[PDB]
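> experimental structure and sequence below, a few questions after.
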Amino acid sequence: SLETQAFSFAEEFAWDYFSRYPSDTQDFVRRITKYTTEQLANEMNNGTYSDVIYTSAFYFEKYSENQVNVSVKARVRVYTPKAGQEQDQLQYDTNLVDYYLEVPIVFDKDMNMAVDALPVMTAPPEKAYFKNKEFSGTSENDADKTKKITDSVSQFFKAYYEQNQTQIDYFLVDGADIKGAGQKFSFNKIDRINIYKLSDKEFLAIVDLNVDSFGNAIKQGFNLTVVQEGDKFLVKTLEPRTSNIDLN
Amino acid sequence: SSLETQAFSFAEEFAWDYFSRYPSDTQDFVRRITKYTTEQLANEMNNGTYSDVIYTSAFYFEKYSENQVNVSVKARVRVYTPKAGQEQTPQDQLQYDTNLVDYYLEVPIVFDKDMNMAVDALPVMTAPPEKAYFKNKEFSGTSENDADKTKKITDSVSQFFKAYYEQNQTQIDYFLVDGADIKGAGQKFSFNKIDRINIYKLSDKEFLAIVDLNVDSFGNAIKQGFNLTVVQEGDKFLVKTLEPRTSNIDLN
Amino acid sequence: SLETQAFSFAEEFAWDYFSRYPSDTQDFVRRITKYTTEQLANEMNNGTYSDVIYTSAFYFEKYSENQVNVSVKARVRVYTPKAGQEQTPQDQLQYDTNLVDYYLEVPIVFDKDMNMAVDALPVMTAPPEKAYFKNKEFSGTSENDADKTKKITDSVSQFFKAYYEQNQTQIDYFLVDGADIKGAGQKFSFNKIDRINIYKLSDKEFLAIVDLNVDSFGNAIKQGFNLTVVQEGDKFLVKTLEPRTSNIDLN
């Protein structure tokens, strides 16, 4: 996959692009020449002092039959000289910066890659908007069933968070592939539960709950399809989301 | 593919901020997380945890609807817990232990027509990767056991590996079948020796060598295992293929 | 996607494979057993002291119906004892730091449920190799009219000042209606255009090829773009914005 490999290449390149040492600007040239020509490495260099927290490729554009542009988010520390020092003895302030760098990449017939031009500062990602949609369905109205389903779901979550797969599987429909959270959390309680009847024997439980990790509570939200079988209510599915639900 | 690739990076970026928490200024988390989600969800996700991040790695993709996906992310994190005996100590005076923790976070993502993304619900703790089963199956073939020929193949393979680890491509090429595309390891290791070699005859003048060997990097030995197809040219054996694995081999 | 998943798995594994603490060798076995058998985890262990900066999968090979090989670049620190310490107790050792990029080929097995494991010793492999390219200057016809080149230049300069410094409402004034061109987030100071060559593509449509520089935290950084610019009345509006100042493809 071209995009997959281009993303890793752009991330690697970006790591070096934002790693800069005025204590030796040729170090940048040595490192960057692994990705591009000497001429381009020199053009890209400057007097910045910076190092890297992460690089993450976020957007892909096919530009021609052998060229792509990959936009990369880099979290970086940029060190600026402290005030009143108007080189080897400079004291610095640390600036935490997120950069968005568009990386032009050429590839050959063997999928070897090079950065083929100056990278440029580009637009950050833009958040999607969504209108919340509460579940549209018929609330389960029988109090006996509601309590039974609720206790089953509660016991299931205790096992999901705290117990092994063997113990968990007793709560599940046959072949429901729901693996536990690795016995790494203490289940506190269900904070909110709403139950809907889907069909004669199937129900949706929409659940807000919290668990502890290392002494602090973490909120969680799920929906679960639950199946009535005999005296039992067994878990068929486990999904995140408590609204904007799609059961298809 | 493109949706999954971009969703992976988005979930990893989100997870980095999700697991960076500073209880002295919880608004910092809200500021950062609001880049990905609503200010309401940002506040719902916040807590009193103190943690920072080593890595985030998206490992599983689920398509949920026409415009929603779920991406599971492994985050290696440091969680700071107050040292024992500070139940009565003011928060700003606390001393901390460091806990190294791997978390597995399922991130629900919505996208619009332009493939802009947002986290559309609380992320939840999910199952870790489960190891696949495997069991070694030794290569099934005809062993080559002639003393001198075994000596000759072992010497050719030993010479090839010294080149593969230590020498330039020009030097490596002398040991290869014409046009075999086998590039060396970048001259960054000292080849020590072959520790084990088992040889099988594949056809006239073609053999499989299954090799355990070790090399040095910065004064410590690292074990390596390969299988190589070699072609007999007189006393010399030229390398046709080089692959990892010394069992569960597939020559097709 | 198998490749996408195998890439992530290989990266995670390589992170542990290059994290080694000789005062606690069992720690490596514990961590590596998350990916492979305890026997193979031990076979992979040694007395190295090392930790990890990044891991990045770069190459994928399908090996069989249940096996792949993923090559991973790992940037690592390897700590080597300073001189004179051959007989010094482990816990008193002083170290030098070696910055190293490793290229690790990771053999992975996958099952019908796409669970994965490392099924063999990983091996040191070949680093990536750069693509070579011959630079091609843009092939079109220069626009030479003084008035028109001045107007285009001034419009492009104003556009870039907004692109780097201003909000989208301001940038939109310089764009063809509908152009999908978002600004750089107001985080740079636009300095000047350093080089501009203008070409006529058709009636009232031009390509500007531009070298410029901007400031971030007190230092200048060079940028290169090509932009399609269209005449509307007496104005010139920006229609496209792409990196590259040569090897250009307008299709």
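It's in. Numbering: from 1, shown residues only, chains lettered A, B, ... in the order given.

> can you give me the buried ones in whichever helix or strand residue A:146 is part of?
Using DSSP states H and E, residue A:146 sits in helix A:143-162. By neighbour count on 16 or more other CB atoms under 10 Å in any protein chain shown, the buried set for helix A:143-162 is A:146, A:148-150, A:152-154, A:156-162. Yep, even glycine has a C-beta here, placed from its N, CA and C like the rest.

> which parts of chain A belong to which domain?
Chain A breaks down into these domains under curated CATH domains: A:1-136, A:137-248.

> out of the ones you listed, the one nearest chain C is which?
The closest approach between chain C and any of the domains of chain A, judged by CB to the nearest CB, belongs to domain A:1-136 at 3.5 Å.

> thinking again about what came up before, who are the packing partners of the helix holding residue A:146?
Under the contact definition 3 or more CB pairs under 8 Å, 6 or more residues apart in numbering or on different chains; DSSP states H and E, helix A:143-162 sits against helix A:165-169, strand A:186-197, strand A:202-213, strand A:216-229, strand A:232-235.

> just give me how far it sits from the chain centre.
The chain centroid and the centroid of helix A:143-162 are separated by 29 Å, computed with CA atoms, centre = their mean, to the nearest Å.

> next, the angle strand A:216-229 makes with it.
Helix A:143-162 runs at 130 degrees relative to strand A:216-229, counting by axes from the mean of the first three to the mean of the last three CA atoms, to 10 degrees.

> and helix A:143-162 with strand A:202-213, angle?
Counting by the same axes, to 10 degrees, helix A:143-162 lies at 40 degrees to strand A:202-213.

> what does helix A:143-162 contact?
Outside helix A:143-162, the residues that touch it by CB atoms under 8 Å, 6 or more residues apart in numbering or on different chains are A:140, A:167-168, A:170-171, A:178, A:180-181, A:183-187, A:189-190, A:193, A:195, A:203, A:205, A:207, A:209, A:211, A:224, A:226, A:232-235, A:238, B:125.

> how about a cut-off of 7 Å?
Residues outside helix A:143-162 that contact it (CB atoms under 7 Å, 6 or more residues apart in numbering or on different chains): A:140, A:167-168, A:171, A:180-181, A:183, A:185-187, A:190, A:193, A:195, A:203, A:205, A:207, A:209, A:211, A:224, A:226, A:233, A:235.

> could you do stretch A:100-115 as well?
Identification of contacts with stretch A:100-115 by CB under 7 Å, 6+ apart yields A:5-6, A:9-10, A:13-14, A:17, A:35-36, A:40, A:66-74, A:116-117, A:119-124, C:128-131, C:133, C:243-244.

> whichever of these end up buried, select them in ChimeraX.
To isolate the buried ones among those in ChimeraX, judged by 16+ other CB under 10 Å, type:
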select /A:5,6,9,10,13,14,17,35,36,40,66,67,68,69,70,71,72,73,74,116,117,119,120,121,122,123,124 /C:128,130,131,133,243,244
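
> among the contacts of stretch A:100-115, which are in strands?
Among the contacts of stretch A:100-115, the members found in strands (DSSP state E) are A:67-74, A:120-121, C:243.

> in chain A, what residue lies closest to chain B?
Taking CB to the nearest CB as the measure, the point where chain A comes nearest chain B is residue A:179, at 3.4 Å.

> wait, what's in contact with residue A:55?
Residues near residue A:55 by CB under 7 Å, 6+ apart: A:11, A:14-15, A:72, A:74.

> with residue A:240 instead?
Contacts for residue A:240 (CB under 7 Å, 6+ apart) come out as A:221-222, B:70, B:106, B:108, B:121-124.

> at 10 Å what do you get?
Residues in contact with residue A:240 (CB atoms under 10 Å, 6 or more residues apart in numbering or on different chains) are A:220-223, B:62, B:64, B:68, B:70, B:106-108, B:120-124, B:126.

> can you check residue A:123 too?
Applying CB under 10 Å, 6+ apart to residue A:123 gives the contacts A:59, A:71, A:100, A:102, C:163, C:168, C:180-185, C:241.

> if we use 8 Å, what do you get?
Contact analysis of residue A:123 by CB under 8 Å, 6+ apart lists A:71, A:100, C:182-185.

> what's the most distant pair in the residues you listed?
Maximum pairwise distance in the contacts of residue A:123, criterion CB to CB, is 13.8 Å, between A:71 and C:183.

> turn the helices and strands packed on helix A:143-162 into CSV, including distance to chain C.
Formatted as CSV, the helices and strands packed on helix A:143-162 follow (distance: least, CB to the nearest CB, whole Å):
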stretch, distance to chain C
helix A:165-169, 13
strand A:186-197, 23
strand A:202-213, 19
strand A:216-229, 20
strand A:232-235, 19
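
> ok, the most centrally placed residue in chain A - contacts?
Nearest to the geometric centre of chain A sits residue A:56, at 10.8 Å (CA atoms, centre = their mean). Residue A:56 makes contact with A:11, A:72-74, B:9, B:12-13 under the criterion CB under 8 Å, 6+ apart.

> mind doing that once more with 7 Å?
Each residue near residue A:56 by CB under 7 Å, 6+ apart is listed here: A:11, A:72-73, B:9, B:12-13.

> swap in residue A:122?
If you count contacts by CB under 7 Å, 6+ apart, residue A:122 has them with A:71, A:100-102, C:184.

> could you do residue A:67 as well?
Counting by CB under 7 Å, 6+ apart, residue A:67 touches A:104-106, A:116, C:247, C:249.

> that one pairs with what?
Using DSSP bridges, the beta-bridge partners of residue A:67 come out as residue A:64, residue A:106.

> same deal with the one 4 residues further on?
Each beta-bridge partner of residue A:71 is listed here: residue A:59, residue A:102, as defined by DSSP bridges.

> go ahead and confirm it touches residue A:14.
No - using CB atoms under 7 Å, residue A:71 is not in contact with residue A:14; the gap is 9.9 Å.

> how about residue A:65, phi and psi?
Backbone torsions for residue A:65, taken as degrees, to the nearest 10, come to phi -60, psi -20.

> what residues are up against it?
By CB under 7 Å, 6+ apart, the contact list for residue A:65 is empty.

> the inter-axis angle of the helix holding residue A:146 versus strand A:186-197?
Using the same axes, to 10 degrees, the inter-axis angle of helix A:143-162 relative to strand A:186-197 is 140 degrees.

> quick one: contacts for residue A:173?
Residues in contact with residue A:173, defined by CB under 7 Å, 6+ apart, are A:227, A:234-236.

> give me every residue in chain A lying close to chain B.
Residues of chain A found near chain B (CB under 7 Å from any CB of the partner chain) are A:1, A:3-4, A:7, A:54, A:56-60, A:73, A:126-128, A:130, A:179-182, A:185, A:214-222, A:240-242, A:244, A:246.
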